[PDB]
Amino acid sequence: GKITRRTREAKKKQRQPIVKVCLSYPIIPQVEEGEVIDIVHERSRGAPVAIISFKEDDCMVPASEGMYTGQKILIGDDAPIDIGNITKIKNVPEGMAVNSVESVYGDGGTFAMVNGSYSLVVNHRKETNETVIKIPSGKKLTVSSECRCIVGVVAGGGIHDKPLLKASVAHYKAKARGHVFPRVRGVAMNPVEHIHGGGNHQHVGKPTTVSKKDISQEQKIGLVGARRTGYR
Amino acid sequence: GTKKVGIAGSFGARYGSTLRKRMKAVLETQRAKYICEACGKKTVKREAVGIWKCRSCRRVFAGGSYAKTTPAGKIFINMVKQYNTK
RNA sequence: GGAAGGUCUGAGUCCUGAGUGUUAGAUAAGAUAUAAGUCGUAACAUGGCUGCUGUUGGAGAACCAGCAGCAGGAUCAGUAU
RNA sequence: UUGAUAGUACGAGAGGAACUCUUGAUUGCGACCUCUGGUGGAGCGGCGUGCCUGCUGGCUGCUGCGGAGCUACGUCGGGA
RNA sequence: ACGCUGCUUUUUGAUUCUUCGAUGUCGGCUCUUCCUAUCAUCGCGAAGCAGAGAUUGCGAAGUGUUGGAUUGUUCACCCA
RNA sequence: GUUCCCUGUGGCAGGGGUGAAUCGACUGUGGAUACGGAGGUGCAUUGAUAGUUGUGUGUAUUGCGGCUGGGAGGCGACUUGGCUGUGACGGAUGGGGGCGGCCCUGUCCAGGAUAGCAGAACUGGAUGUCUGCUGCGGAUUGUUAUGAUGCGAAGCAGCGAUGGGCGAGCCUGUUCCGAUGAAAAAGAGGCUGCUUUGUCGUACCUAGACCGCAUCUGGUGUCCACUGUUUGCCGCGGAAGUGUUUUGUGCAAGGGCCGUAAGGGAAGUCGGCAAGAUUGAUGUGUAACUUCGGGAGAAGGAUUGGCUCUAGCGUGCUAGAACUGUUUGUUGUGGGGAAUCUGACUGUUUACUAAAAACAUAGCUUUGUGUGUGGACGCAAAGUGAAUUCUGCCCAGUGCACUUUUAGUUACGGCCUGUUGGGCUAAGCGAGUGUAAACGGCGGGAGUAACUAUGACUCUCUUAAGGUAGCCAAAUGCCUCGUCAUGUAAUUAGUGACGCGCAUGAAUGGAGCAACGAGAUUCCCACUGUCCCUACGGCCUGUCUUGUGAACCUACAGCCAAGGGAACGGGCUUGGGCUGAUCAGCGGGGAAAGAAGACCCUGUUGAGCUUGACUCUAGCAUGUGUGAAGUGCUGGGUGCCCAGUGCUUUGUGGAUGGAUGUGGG
RNA sequence: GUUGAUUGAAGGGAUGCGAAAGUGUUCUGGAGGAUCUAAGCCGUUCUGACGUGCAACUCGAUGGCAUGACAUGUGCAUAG
Ligand SMILES: [Zn+2]
């Protein structure tokens with residue numbers, strides 16, 4: 001055989017990468033006052049980015065829905081509750097939506113940083129200083145009560161409300177983001193390139209669930225380690 | 001004008017009728033004009049996804065992809081605003 | 001009108017387009033009167049799971065099940081420290 | 001193949017021929033251009049586009065008729 | 001009828017003698033020539049041949065044997 | 001890479017020619033002769049060079065001097081020797097205004113042709129304002145279009161900026177994107193005088209000066225280029241500039257590219273292949289169906305020149321009338337209609353025999369993953385292929401997942417016990433449960449309704465479950481040219497209907513055709529040399545002359561009948577024969593030429609690809625040896641060895657030896 | 001780098017109907033992987049020419065596409 005498409009698309013990307021800018025906020029224990037100086041678009045992202053200026057430091061963060069240029073926000077551990085306002089996660093009531101939550105007290109942000117997402121604060125277990133939160137995927141996770149966050153949802157709304165509708169729109173999206181476009185189906189190739197192969201009719205020819213444990217790398221194509229298949 | 005098709009009349013008869021109704025709904029709120037809150041004039045338009053700007057006084061704010069506010073943004077903007085009063 | 005011709009009225013021929021009737025057709029869904037029947041028993045008694053109206057799924061067939069409503073019901077009604 | 005032979009011979013009837021004479025054709029073969037048809041970058045006319053300053057006269061494009069010659073859809077020709 | 005004896009080389013088999021340092025492999029269209037086991041035209045017998053229409057046999061290969069619908073078809077099957 | 005100029009000569013030989021502050025590069029950026037960037041324009045000059053030589057005027061720069069100022073004005077916008085700005089950024093489209101060129105027009109000075117006539121022609125040259133901002137003012141105002149305005153309209157006064165008609169840069173708006181349109185070098189500045197400006201390239205050729213073996217009908221980045229007709233920078237014709245010869249014939253048959261045809265009108269053919277036919281503009285008139293947008297330029301009918309006038313306002317377009325000809329006017333520009341199969345649509349493909357029903361696509365569904373610079377509206381792997389309407393039943397086999405906290409099976413090393421055995425300590429396999437938009441699968445036999453016929457109903461064998469909704473002799477039906485109807489004079493074709501369907505059937509996707517198609521099929525109108533059946537004509541070839549002058553192929557050769565022969569002889573045996581040596585034709589034979597048959601078989605000859613072939617292997621999983629010191633804690637058996645295990649700082653995280661399992665990558 | 005035309009979506013103006021809710025007509029504007037044509041680019045058919053060729057893939061007529069999921073010079077990255 002020859003080497004399959006999955007493995008070559010991985011090698012092309014170490015030669016010529018897609019790069020995003022790494023948003024994060026700094027450490028400031030005393031309550032300061034910031035200044036949104038600009039909100040801007042970025043290639044390969046869907047969310048707009050805000051430029052906020054402190055007394056001796058500037059930062060780039062995901063803008064929340066409800067920000068505007070020239071607005072003042074506060075940073076510090078004991079800061080008041082309002083859209084924006086980087087503050088510590090024990091000063092936040094239950095049922096409130098936050099974004100860009102860190103996990104180690106000083107790493108910037110880790111959770112909920114894409115277009116239109118947030119995490120939920122569910123419980124404050126005041127003994128042991130633990131906070132249960134819900135992250136965007138649904139998993140529940142206890143963090144310390146000293147990690148910081150941002151109040152509100154990320155801007156950029158529901159981007160899937162509008163269909164792509166046309167070939168050229170999927171062409172411009174994959175140029176900016178790096179998806180495989182177009183995709184030739186594996187059953188339409190010759191056997192030399194794909195485990196799905198030739199044959200006098202187009203058909204896979206054997207089970208499409210494959211293992212995730214113990215088999216050769218380059219055999220893991222299809223539905224890898226699937227617990228269940230079917231419509232519902 | 002057109003009876004049922006509106007701003008989706010640029011598509012002729014392509015793509016199917018269910019998909020042309022999704023285009024018509026999101027295209028009306030995306031290309032409309034909104035009143036500014038700082039100056040009070042009707043001059044807000046969309047620049048890119050999530051960026052709405054006023055042509056007079058130049059102020060920029062952040063919202064939804066195709067609408068100026070989103071249904072889950074309104075819900076949490078109130079909670080922060082009731083929490084401060086009470 | 002000197003004539004070649006011009007003008008008005010206009011049948012008929014040749015072609016296209018609506019209408020309003022009437023009719024043939026392989027196949028094929030109903031209705032009704034019969035015979036002589038075959039399979040069951042849905043309704044009428046609390047008719048052996050009370051019955052009926054709308055709606056949505058299912059079964060050889062009557063019909064069966066879910067959600068709300070009606071008595072044309074099997075109740076004009078029953079002891080508060 | 002037409003007319004005559006003949007509604008005759010033959011036959012209860014119904015039906016129904018031949019030798020000899022006579023009229024036209026179909027197809028093959030070999031010629032011919034008087035007539036009719038086709039063609040005719042020979043010739044004459046009509047209507048145009050550009051160019052010679054315009055009219056006259058030219059050159060260039062499309063069109064009607066179209067002699068001679070060639071031809072067929074036209075004309076001629078079979079042992080006792 | 002039941003049995004028995006032949007001929008042709010147009011069918012399809014049987015065989016493997018020639019050709020694998022290559023003999024262009026189906027049908028149609030076009031064009032020529034040969035055979036007779038004669039379909040028509042010419043001559044002549046038989047009859048369960050009255051006439052008419054056909055049926056069966058002998059001499060005879062000079063001349064003729066068409067136009068279409070459906071199928072790639074050979075073949076087949078209908079119309080004139 | 002000297003091909004450029006001059007001289008001599010029958011192509012060579014000899015001697016000449018390329019001049020730079022103000023052209024390009026040597027300098028910027030992870031890149032560069034097209035991106036960024038200190039600096040110019042006229043006129044004249046050689047045999048051959050010129051933004052380079054000479055000259056009129058300007059701009060920058062190297063260095064060296066001399067003199068001189070740190071404030072005046074304006075309510076304000078701003079004026080002045082009086083710093084900290086730029087470089088620096090996409091597509092489409094409207095309005096205003098135009099470099100050069102071209103056209104119409106008044107006047108003046110000249111040019112070329114002419115038999116005759118021409119209100120005096122034709123040609124050349126020269127001349128012929130508001131995007132914005134401030135003060136007062138105090139409510140209206142404007143566009144082709146969207147508008148502007150008590151967050152201060154119009155108006156008045158200022159500041160700043162800058163002959164007529166057909167538009168390039170330029171000014172000013174609107175719009176489009178899950179696409180929003182590089183980076184770095186390079187800032188300072190007044191009036192004057194002298195002085196400086198390094199290195200390398202520069203001749204000639206856009207195809208007869210390049211590549212394709214060549215003076216080859218092929219290929220090769222960018223810029224400029226007039227006019228009549230016209231919507232048209234196309235087609236059909238003209239300028240400017242550029243290229244070009246002067247003693248071959250005159251035209252048989254057969255070819256290559258074209259023109260015209262009586263009467264018939266697809267009878268031709270596998271098949272309307274080829275040709276003919278429609279064609280611009282403006283009134284009129286437009287169906288079924290349909291995703292309501294379309295279908296649609298549907299279909300069908302009519303008008304059109306020249307001349308002389310009228311009407312409108314926006315002055316070149318639009319509308320109306322009379323007259324006239326040998327009846328005729330677009331001297332260009334889509335054939336249409338009725339059905340079936342198939343792919344939704346615009347797109348892409350086998351450079352050199354396949355353009356498609358193949359591939360892509362939006363939409364729809366499933367799977368994995370809490371972190372990569374990227375943080376689940378994310379990133380990656382598969383199938384189906386727009387919308388609409390649907391997507392049934394089967395977990396027994398194979399695959400995948402979880403669990404083994406209630407069987408078995410199983411390796412190094414360590415520990416235990418014993419005379420060289422036995423115990424204890426893994427994952428995997430096995431077992432249990434779940435999963436079909438995973439791979440796939442989806443039955444026989446007997447009776448039974450008052451004529452026959454059939455079987456709602458019953459018994460029976462049997463499966464993991466027995467093919468559901470729909471659809472069909474369909475690109476899927478062997479038998480088969482199935483059976484009935486319809487179109488023809490005549491139907492192995494087409495369409496409609498029927499269904500025990502060799503072997504239809506549900507994201508292996510089923511049913512379904514609005515819109516789109518150089519896709520596959522059948523019929524109708526129109527039209528014709530496709531044919532009946534061919535004729536005549538044009539130009540280039542061929543035929544004939546002069547010059548230049550190949551190749552393939554060749555045992556030896558070259559008339560027939562029969563015979564025998566390795567079973568189809570030019571030559572052998574027995575018979576029959578044209579014609580003494582030319583020229584043009586032609587396709588019967590030479591089992592004609594080309595190519596050590598690709599089909600087929602054999603060889604103990606290969607290679608591409610697959611897997612349930614044999615033997616192995618990268619990677620991955622899981623125990624275990626090596627590695628760093630000190631301490632506490634809970635549990636096992638007999639004092640014991642081990643498990644997890646927290647803590648302390650003072651090793652470190654980079655690795656490395658062997659064992660078992662898995663492994664068409 | 002990319003000519004000249006055709007069709008006429010949203011938004012905006014005017015005018016008519018109606019008790020109201022609502023709706024008719026017509027201008028303006030200039031959307032869309034919307035329809036032709038040019039510079040040009042491809043390669044459907046003639047199974048046309050040619051087939052020791054102009055040519056180791058060309059020539060003629062006919063046809064398809066021409067604002068893009070385009071075409072093209074040059075710096076860099078990918079190698080059996
Ligand atoms: Zn504003």
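First the proteins, then the strands, lettered A, B, ... as listed; each starts at 1. The figures that follow rest on heavy atoms only: side chains count, while hydrogens, waters and symmetry mates do not.
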Hey, does A:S168 reach any base, or is it just sugar-phosphate, or nothing, if we go heavy atoms under 4.0 Å?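 A:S168: base contact, heavy atoms under 4.0 Å.
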Suppose the criterion is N1-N3 plus one more Watson-Crick contact, or the two G-U wobble contacts, each under 3.5 Å; do F:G363 and F:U384 qualify? yes
Of A:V192 and A:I135, the one whose closest RNA chain F nucleotide lies more 5': A:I135
F:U231 vs F:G30: Watson-Crick/wobble pairing, cut-off under 3.5 Å: no
Students often get this wrong, so: under 4.0 angstrom with heavy atoms, is A:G230 touching a base, only sugar-phosphate, or nothing?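 Counting heavy atoms under 4.0 Å across all strands, the contact made by A:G230 is with sugar-phosphate only.
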Kindly say whether F:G71 and F:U80 qualify as a Watson-Crick or G-U pair under the rule that both distances are below 3.5 angstrom. yes
Do F:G101 and F:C166 pair up in this structure? I mean Watson-Crick (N1 to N3 plus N6-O4 or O6-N4) or G-U wobble, both distances under 3.5 Å. yes
Establish whether F:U650 and F:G81 are paired, applying the Watson-Crick or G-U wobble definition with both distances under 3.5 Å. no
What contact category does A:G157 fall into here, base, sugar-phosphate, or nothing, at under 4.0 angstrom with non-hydrogen atoms?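 Base contact.
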For A:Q14 and G:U78, give me the distance from atom CD to atom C1', rounded to whole Å. 13 Å
If I read the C1'-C2'-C3'-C4' torsion for G:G32, does it come out on the north side (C3'-endo) or the south side (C2'-endo)?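 South.
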Which pair of heavy atoms, one from A:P62 and one from A:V154, lies closest together, and at what distance?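 A:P62 and A:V154 have their closest heavy atoms at CB-CG1, 4.4 Å.
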Give a yes/no verdict on a cation-pi contact between A:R148 and A:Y25, requiring under 6.0 Å between NZ or CZ and the six-membered ring centre and an angle within 45° of the axis. no
For RNA chain F, the residues among residues 217-226 of chain A that have a non-hydrogen atom under 4.0 Å from it: A:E218, A:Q219, A:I221, A:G222, A:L223, A:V224, A:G225, A:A226
With heavy atoms of chain B within less than 4.0 Å as the criterion, where does contact along RNA chain F begin and end?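 For RNA chain F, the relevant span reads F:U149 to F:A514.
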Does RNA chain G take part in any stems of at least 3 consecutive Watson-Crick or G-U pairs (both distances under 3.5 Å), and if so, which ones? G:4-6 with G:34-36, G:11-17 with G:22-28
Give a yes or no on whether F:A535 and F:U260 pair, Watson-Crick or G-U wobble, both distances under 3.5 Å.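 Yes.
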Quiz item: cation-pi between B:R46 and B:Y66, 6.0 Å / 45°: no
If I take atom CZ in residue A:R8 and atom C1' in nucleotide G:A79, what distance separates them, rounded to the nearest angstrom?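 The answer, rounded to whole Å, is 13 Å.
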Expressed as a whole number of angstroms, how long is the span from B:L19:CG to G:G32:P? 19 Å
